[PDB]
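One chain is shown next in structure tokens, namely the form deposited in one PDB entry.
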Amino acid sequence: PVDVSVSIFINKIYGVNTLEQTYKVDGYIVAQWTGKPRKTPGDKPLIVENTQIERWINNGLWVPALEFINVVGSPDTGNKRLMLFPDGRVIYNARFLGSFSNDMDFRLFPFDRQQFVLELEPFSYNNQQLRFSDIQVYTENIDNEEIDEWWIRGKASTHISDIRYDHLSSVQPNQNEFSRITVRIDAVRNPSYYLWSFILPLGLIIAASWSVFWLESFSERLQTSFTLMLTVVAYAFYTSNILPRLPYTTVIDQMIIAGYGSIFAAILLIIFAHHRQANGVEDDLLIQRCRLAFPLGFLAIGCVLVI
């Protein structure tokens, strides 16, 4: 086997998206290995630019085709470069940019934790083993934590493993080990935007839904509650482009469900606190009579769902 020492320089992780759980990454790969010695012009290293590499691959040079595993589509490779040394070693350097994909857990949506993963791997050769993955992070999200949405903690985490591909039993089935380099960068979502756009107004609407008790005419109270129905409906589309069709409810979907349920219970407890009267007046039947401790007693039932 031949030894290949990779070096990944990350330039900027941008374009994050939660509807598809993707993120665009840009950077440089620098792979380096050792082959047979050679005679170069003069006695210096020989640099070979974008299209001059094909003429060297045609004549018999060995250059592996390193690919990214968790990529959507195919990366948009910029320039390329080879640097043939006279002592024997070779250094393939190339710029990459691609939309990678990972798995995200939005069970606690606004206060979220993810990790961006890059999985590099040879495409054709089973016996060429990556020795040591090094990563250099030059991203701007670490030191500008007030403009970005995703803070980046730590530095990185790199692991060199072996993958077993069983679909490659065409080749002798005992020769399908593929070395792989996984690189993880942990990120923390900055929740300070969803706190005054989906938690404060929805909380205010919820707390202002029990105040309809403080009225003299139920004929006005039903319309009062059906007015807040429209606001709670309005805050249901505003949260329809923030996160995907998830089967589990998040901190905001729970607030929307509670906003529906609180108003529905207001209706159901303002109807049955009147439709079993004994006199014939509007505000009676032990809930609408006093209106000094009951309009504040139903307030703590929602706090159970909050707590």
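Shifts are known only where both forms have a C-alpha. Residue numbers run from 1 along the displayed sequence. The term rigid core refers to the maximal set of C-alpha atoms that superpose within 1.5 Å between the two forms.
Same protein, other form: the form deposited in another entry, not shown, and the subject of what follows.
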property	result
Sole member of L202, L130, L228, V71 with a C-alpha shift of at least 2 Å between this form and the one not shown (core-superposed)	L130
Threshold 2 Å Cα movement between this form and the one not shown for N176, core superposed	no
Yes/no, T158 Cα shift of 2 Å or more between this form and the one not shown with rigid core fixed	no
Threshold 2 Å Cα movement between this form and the one not shown for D87, core superposed	no
In the other form, shift in Cα separation for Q128 relative to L46, 3 Å or more	farther
Closer or farther in the other form: C-alpha pair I147, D26 (3 angstroms or more)	closer
Consecutive-residue runs (3+) with Cα displacement of 2 Å or more between this form and the one not shown, core aligned	127-148, 169-172
